[PDB]
């Protein structure tokens, strides 16, 4: 390949060992988090943090969700999230969005735990797979978040020459009234800032992925398998001394041999080999693990009060 020199040029430009936990347990993590050294925490979260809110298993065809979409005849399943298809045929996506827009679910204990991390100046960043808006509803702000698949909170005209922004109430009204949103300036489609196939993600995603893991003191991985992009790559970016806690129902089994080898060679999770020194798995429901961890930090009541207050505020304002 005559391209190898160019690939070497870029790789050289973009190229980037203590035991800090006294014990590989939740209790050890909680003590570490109270130590001076634990200043910057990154959470990586997936669908398991929202199950307890009632968010459905979207893999199942058996719930409300997709029946309404038969009439559209998609040419392949991903077409509903592909930008060139959306531009010609926006209706299927907007029919799905009607189900997915927030309003019907509240954040979980796990979300509010991340709100406490923010309140306490510990949260460097939350990387989320989810598109349920629950992190934002819990009070994490855009600067706190890298939403891997984007967000329904913000919306923009799709034309690169315009890119007018529209607020959630403007969109939600249109979607609920089954009016396809058009830009008032240029008449192009307006879509929520969900990152479609074929679309560029916000630049800040890469910049955060390239910076944040250089000086992170603790990774909290909740409600996701380790073998999911981009998370597989991001945990292996942390400093070798940085402790990493997984809170999830189950540890995933092996999913592929390249990804598996890569993990093992690259500084993937090691909870229980003879070389284990910094990774902890806590297996159970995300809410239960965050309750437990909060109790260890002396935050039980603060967290309880926060959940109750915020849930009541959602009731009051619905």
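Positions refer to the first chain, counted from 1.
**Student:** Per the record, how many residues of the deposited chain fall between residue 16 and residue 17 without being modelled: none, 1 to 3, 4 to 9, or 10 or more?
**Tutor:** Gap between residue 16 and residue 17: 4 to 9 unmodelled residues.
**Student:** Between 7-15 and 296-304, which has the higher average C-alpha B-factor in the PDB entry?
**Tutor:** The stretch with the larger average C-alpha B-factor is 296-304.
**Student:** Would you determine, from the values in the PDB entry, which of 39-47 and 271-279 has the greater average C-alpha temperature factor?
**Tutor:** Taking the mean C-alpha B-factor of 271-279 and of 39-47, the larger value falls to 271-279.
**Student:** From 123, 203, 175, 209, can you pick the one with the highest C-alpha B factor in the entry?
**Tutor:** That would be 175, according to the entry.
**Student:** In the PDB entry, which of 190, 95, 238, 148 has its C-alpha at the highest B-factor?
**Tutor:** So the option with the highest C-alpha B-factor is 238.
**Student:** Select lowest, middle or highest to describe the third in which the CA B-factor of residue 156 falls within its chain in this entry.
**Tutor:** Residue 156: CA B-factor falls in the middle third of its chain.
**Student:** Tell me, lowest, middle or highest third: where does the Cα B factor of residue 198 rank within its chain?
**Tutor:** Its C-alpha B-factor, which the entry lists for residue 198, ranks in the lowest third among residues of this chain.
**Student:** Taking the chain's C-alpha temperature factors as the reference, tell me which third residue 132 falls into: lowest, middle or highest.
**Tutor:** Lowest third, going by the recorded CA B-factors of the chain.
**Student:** Of the three thirds of its chain by CA temperature factor, lowest, middle or highest, which one includes residue 185?
**Tutor:** Answer is highest: the recorded C-alpha B-factor places it there.
**Student:** Based on the deposited C-alpha B factors for this chain, I'd like to know if residue 263 is in the lowest, middle or highest third.
**Tutor:** Middle third - that is where residue 263 ends up once the chain's C-alpha B-factors are sorted.
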